[PDB]
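Asker: Dumping the structure here so I can ask a few things about it.
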Amino acid sequence: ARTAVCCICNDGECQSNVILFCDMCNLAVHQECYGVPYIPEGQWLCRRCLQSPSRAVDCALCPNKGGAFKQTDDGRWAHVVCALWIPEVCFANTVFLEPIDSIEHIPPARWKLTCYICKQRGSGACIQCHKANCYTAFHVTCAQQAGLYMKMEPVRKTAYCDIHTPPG
Ligand SMILES: [Pr+3]
Ligand SMILES: [Zn+2]
Ligand SMILES: [Zn+2]
Ligand SMILES: [Zn+2]
Ligand SMILES: [Zn+2]
Ligand SMILES: [Zn+2]
């Protein structure tokens, strides 16, 4: 395996929890952000390149492409980071961080919000600014690519619009 920031947490701090590179698509992920408890001595492939090596995939939860995908339990693909941040979604196995399931428990309202970053409605499940009584909505990956503050912390997962970026 080959051991640039982890595209799930956007942190470059490598260490016991290394950043792996897919030997086919050059995806870079922490073994703990993507669910890789054992690293192979030879080539490592992400789940997308194991299954759909010559075809990119769509996220079931956002309109954006690229980054780190797992299969869902219902015939789709989703971003790890989208599954992490949407409250009703989860991972069936929390060590392997797969499959992504419970997408059917997302309230229809999330698909009716308008992402204020890409301005699209109905193309993914939005989350909202964690600020009380701020209703600004965004896709998880749109918040990531736009550089909004997004923190997971022992586990609370708080994301903020640019008005409400918290002290730090
Ligand atoms: Pr299920
Ligand atoms: Zn990471
Ligand atoms: Zn790959
Ligand atoms: Zn996504
Ligand atoms: Zn968006
Ligand atoms: Zn806000």
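Here's how to read the names in the structure tokens: chain A, B, ... by the order shown, residue numbers from 1 in each chain, ligand numbers from 1 in the order shown.
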Hey, which residues come within 8 Å of ligand 3 if we count only C-alpha atoms and all ligand atoms? Could you give them as a list in words?
Answerer: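 Using only C-alpha atoms and all ligand atoms, everything at most 8 Å from ligand 3 comes to residues 21, 22, 23, 24, 25, 26, 27, 45, 46, 47, 48, 49, 50 and 53 of chain A.
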Asker: Find the spatial neighbours of segment 84-87 of chain A, counting only C-alpha atoms, within a cut-off of 8 Å - ignore same-chain residues fewer than 6 positions away - and output them as number ranges by chain.
Answerer: A: 125-127, 140, 157
Asker: Can you tell me which residues come within 6 Å of ligand 6 when counting only C-alpha atoms and all ligand atoms, ideally as a VMD selection string?
Answerer: chain A and resid 129 131 134 136 160 to 161 163 to 164
Asker: At a cut-off of 8 Å and counting only C-alpha atoms and all ligand atoms, what residues surround ligand 4? Please answer as a short mmCIF file (atom, residue, chain, number, x, y, z; two decimals) with N, CA, C and O atoms, in the first residue's frame.
Answerer:
```
data_model
loop_
_atom_site.label_atom_id
_atom_site.label_comp_id
_atom_site.auth_asym_id
_atom_site.auth_seq_id
_atom_site.Cartn_x
_atom_site.Cartn_y
_atom_site.Cartn_z
N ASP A 58 -22.05 8.40 -8.44
CA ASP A 58 -22.80 9.51 -7.87
C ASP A 58 -22.98 9.27 -6.38
O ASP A 58 -23.10 8.13 -5.92
N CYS A 59 -23.04 10.36 -5.62
CA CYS A 59 -23.41 10.28 -4.22
C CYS A 59 -24.93 10.32 -4.10
O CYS A 59 -25.59 11.16 -4.72
N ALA A 60 -25.48 9.42 -3.30
CA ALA A 60 -26.92 9.44 -3.10
C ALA A 60 -27.40 10.63 -2.30
O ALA A 60 -28.60 10.88 -2.26
N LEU A 61 -26.49 11.37 -1.67
CA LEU A 61 -26.86 12.38 -0.69
C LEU A 61 -26.46 13.80 -1.06
O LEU A 61 -26.78 14.72 -0.29
N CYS A 62 -25.76 14.02 -2.18
CA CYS A 62 -25.29 15.34 -2.57
C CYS A 62 -25.07 15.35 -4.08
O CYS A 62 -25.04 14.28 -4.72
N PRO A 63 -24.91 16.53 -4.69
CA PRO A 63 -24.68 16.59 -6.15
C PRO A 63 -23.23 16.54 -6.59
O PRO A 63 -22.97 16.66 -7.79
N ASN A 64 -22.28 16.38 -5.67
CA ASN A 64 -20.86 16.51 -5.99
C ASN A 64 -20.24 15.15 -6.24
O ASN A 64 -20.71 14.13 -5.73
N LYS A 65 -19.17 15.15 -7.05
CA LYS A 65 -18.47 13.95 -7.50
C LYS A 65 -17.07 13.93 -6.90
O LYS A 65 -16.60 14.93 -6.36
N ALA A 78 -22.45 6.46 -1.70
CA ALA A 78 -22.53 7.72 -0.98
C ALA A 78 -21.15 8.12 -0.48
O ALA A 78 -20.28 7.27 -0.29
N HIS A 79 -20.95 9.43 -0.30
CA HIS A 79 -19.74 9.93 0.34
C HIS A 79 -19.70 9.48 1.79
O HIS A 79 -20.71 9.52 2.49
N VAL A 80 -18.52 9.07 2.26
CA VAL A 80 -18.34 8.87 3.69
C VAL A 80 -18.69 10.15 4.45
O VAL A 80 -19.43 10.13 5.44
N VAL A 81 -18.19 11.29 3.99
CA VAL A 81 -18.39 12.51 4.76
C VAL A 81 -19.86 12.90 4.77
O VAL A 81 -20.39 13.38 5.80
N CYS A 82 -20.58 12.67 3.65
CA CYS A 82 -22.02 12.92 3.64
C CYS A 82 -22.74 12.05 4.67
O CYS A 82 -23.62 12.52 5.40
N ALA A 83 -22.37 10.76 4.73
CA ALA A 83 -22.99 9.84 5.67
C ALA A 83 -22.67 10.22 7.11
O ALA A 83 -23.52 10.09 8.00
N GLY A 124 -29.77 16.73 -3.19
CA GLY A 124 -29.09 16.07 -2.09
C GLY A 124 -29.82 16.38 -0.81
O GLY A 124 -30.80 17.13 -0.79
N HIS A 139 -25.33 21.31 1.33
CA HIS A 139 -24.89 19.93 1.21
C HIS A 139 -23.61 19.76 1.99
O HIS A 139 -22.83 20.71 2.14
N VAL A 140 -23.39 18.55 2.51
CA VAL A 140 -22.19 18.30 3.31
C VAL A 140 -20.93 18.59 2.49
O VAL A 140 -20.02 19.30 2.94
N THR A 141 -20.89 18.08 1.26
CA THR A 141 -19.70 18.28 0.44
C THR A 141 -19.57 19.72 -0.04
O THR A 141 -18.45 20.18 -0.25
#
```
Asker: Would you mind writing down, as a VMD selection string, each residue of segment 11-126 of chain A that DSSP on the backbone assigns to alpha helix (DSSP H)?
Answerer: chain A and resid 31 to 34 47 to 51 80 to 85
Asker: Go ahead and save the residues from that selection, with C-alpha atoms, as a PDB file, in the first residue's frame.
Answerer:
```pdb
ATOM      1  CA  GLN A  31      -7.526   4.469   7.694  1.00  0.00           C
ATOM      2  CA  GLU A  32      -9.859   5.632  10.496  1.00  0.00           C
ATOM      3  CA  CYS A  33     -11.778   8.102   8.316  1.00  0.00           C
ATOM      4  CA  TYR A  34     -12.441   5.481   5.594  1.00  0.00           C
ATOM      5  CA  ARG A  47     -14.248   0.398  -2.419  1.00  0.00           C
ATOM      6  CA  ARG A  48     -15.125   2.320  -5.590  1.00  0.00           C
ATOM      7  CA  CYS A  49     -12.104   1.070  -7.515  1.00  0.00           C
ATOM      8  CA  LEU A  50     -12.673  -2.506  -6.306  1.00  0.00           C
ATOM      9  CA  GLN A  51     -16.195  -2.472  -7.777  1.00  0.00           C
ATOM     10  CA  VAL A  80     -18.344   8.872   3.695  1.00  0.00           C
ATOM     11  CA  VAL A  81     -18.389  12.506   4.761  1.00  0.00           C
ATOM     12  CA  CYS A  82     -22.022  12.924   3.643  1.00  0.00           C
ATOM     13  CA  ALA A  83     -22.994   9.838   5.673  1.00  0.00           C
ATOM     14  CA  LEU A  84     -21.044  11.142   8.675  1.00  0.00           C
ATOM     15  CA  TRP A  85     -22.694  14.539   8.751  1.00  0.00           C
TER      16      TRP A  85
END
```
Asker: Grab me every residue within 6 Å of ligand 5, counting only C-alpha atoms and all ligand atoms, and send it over as a ChimeraX atom specification.
Answerer: /A:115,117-118,138-139,142
Asker: Compile a residue-level contact table for chain A against ligand 2 at a cut-off of 12 Å, reporting for every qualifying residue the shortest atom pair and its distance in Å to one decimal, with only C-alpha atoms and all ligand atoms counted, rows ordered by chain and ascending number, as a tab-separated table.
Answerer:
```
residue	atom	partner	partner_atom_place_in_ligand_line	distance
A:4	CA	ligand 2	1 (Zn)	10.9
A:5	CA	ligand 2	1 (Zn)	7.5
A:6	CA	ligand 2	1 (Zn)	4.4
A:7	CA	ligand 2	1 (Zn)	6.5
A:8	CA	ligand 2	1 (Zn)	5.1
A:9	CA	ligand 2	1 (Zn)	4.1
A:10	CA	ligand 2	1 (Zn)	6.2
A:11	CA	ligand 2	1 (Zn)	5.9
A:12	CA	ligand 2	1 (Zn)	7.6
A:13	CA	ligand 2	1 (Zn)	8.4
A:14	CA	ligand 2	1 (Zn)	8.8
A:15	CA	ligand 2	1 (Zn)	11.2
A:17	CA	ligand 2	1 (Zn)	9.0
A:18	CA	ligand 2	1 (Zn)	9.0
A:19	CA	ligand 2	1 (Zn)	7.4
A:20	CA	ligand 2	1 (Zn)	9.9
A:21	CA	ligand 2	1 (Zn)	11.9
A:27	CA	ligand 2	1 (Zn)	11.4
A:28	CA	ligand 2	1 (Zn)	8.4
A:29	CA	ligand 2	1 (Zn)	5.5
A:30	CA	ligand 2	1 (Zn)	4.4
A:31	CA	ligand 2	1 (Zn)	7.5
A:32	CA	ligand 2	1 (Zn)	6.8
A:33	CA	ligand 2	1 (Zn)	4.6
A:34	CA	ligand 2	1 (Zn)	7.4
A:35	CA	ligand 2	1 (Zn)	10.1
A:36	CA	ligand 2	1 (Zn)	11.4
A:67	CA	ligand 2	1 (Zn)	11.5
A:68	CA	ligand 2	1 (Zn)	10.3
A:80	CA	ligand 2	1 (Zn)	10.5
A:81	CA	ligand 2	1 (Zn)	9.7
A:84	CA	ligand 2	1 (Zn)	12.0
A:152	CA	ligand 2	1 (Zn)	11.3
```
Asker: Identify, counting only C-alpha atoms and all ligand atoms, the protein, DNA and RNA residues located within 6 Å of ligand 1, and give them as a list in words.
Answerer: residues 73, 101 and 102 of chain A
Asker: Next, dump the selected residues to file, keeping only N, CA, C and O atoms, as a compact mmCIF listing (two decimals), in the first residue's frame.
Answerer:
```txt
# COMPACT_ATOMS: atom_id res chain seq x y z
N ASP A 73 -26.40 0.18 1.59
CA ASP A 73 -27.06 -1.11 1.66
C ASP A 73 -28.26 -1.21 0.73
O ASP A 73 -28.90 -2.26 0.70
N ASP A 101 -26.10 3.12 5.52
CA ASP A 101 -27.51 2.73 5.46
C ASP A 101 -28.38 3.76 6.18
O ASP A 101 -27.90 4.79 6.66
N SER A 102 -29.68 3.46 6.24
CA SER A 102 -30.69 4.26 6.91
C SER A 102 -31.00 5.54 6.15
O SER A 102 -31.62 6.46 6.72
```
Asker: Identify which of the residues A:76, A:70, A:52, A:165 lies closest to residue 91 of chain A, counting only C-alpha atoms when measuring atom-to-atom distances.
Answerer: A:70
Asker: Looking at A:133, A:148, A:43, A:54, which one is nearest to residue 166 of chain A, with distances taken over only C-alpha atoms?
Answerer: A:148
Asker: Kindly give the distance, in Å, that separates atom CA of residue 107 of chain A and atom CA of residue 88 of chain A, rounded to a single decimal.
Answerer: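 So the two atoms, atom CA of residue 107 of chain A and atom CA of residue 88 of chain A, lie 8.2 Å apart.
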Asker: Any idea what the distance is between atom CA of residue 111 of chain A and atom CA of residue 123 of chain A?
Answerer: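 Taking atom CA of residue 111 of chain A as the start and atom CA of residue 123 of chain A as the end point, the length is 7.1 Å.
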Asker: Mind giving me the straight-line distance from atom CA of residue 128 of chain A to atom CA of residue 72 of chain A in Å, one decimal?
Answerer: 23.0 Å
Asker: Assign secondary structure with DSSP using the backbone only, and return the residues of segment 10-155 of chain A in strand (DSSP E) as a PyMOL selection string.
Answerer: chain A and resi 19-21+28-30+69-71+77-79+90-93+98-101+127-128+137-138+150-153
Asker: From the options A:74, A:149, A:66, A:57, which residue's atoms come nearest to residue 99 of chain A, counting only C-alpha atoms?
Answerer: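 Closest to residue 99 of chain A of all the choices is A:74.
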Asker: Using only C-alpha atoms for the distances, tell me which of A:41, A:71, A:2, A:143 is nearest to residue 96 of chain A.
Answerer: A:71
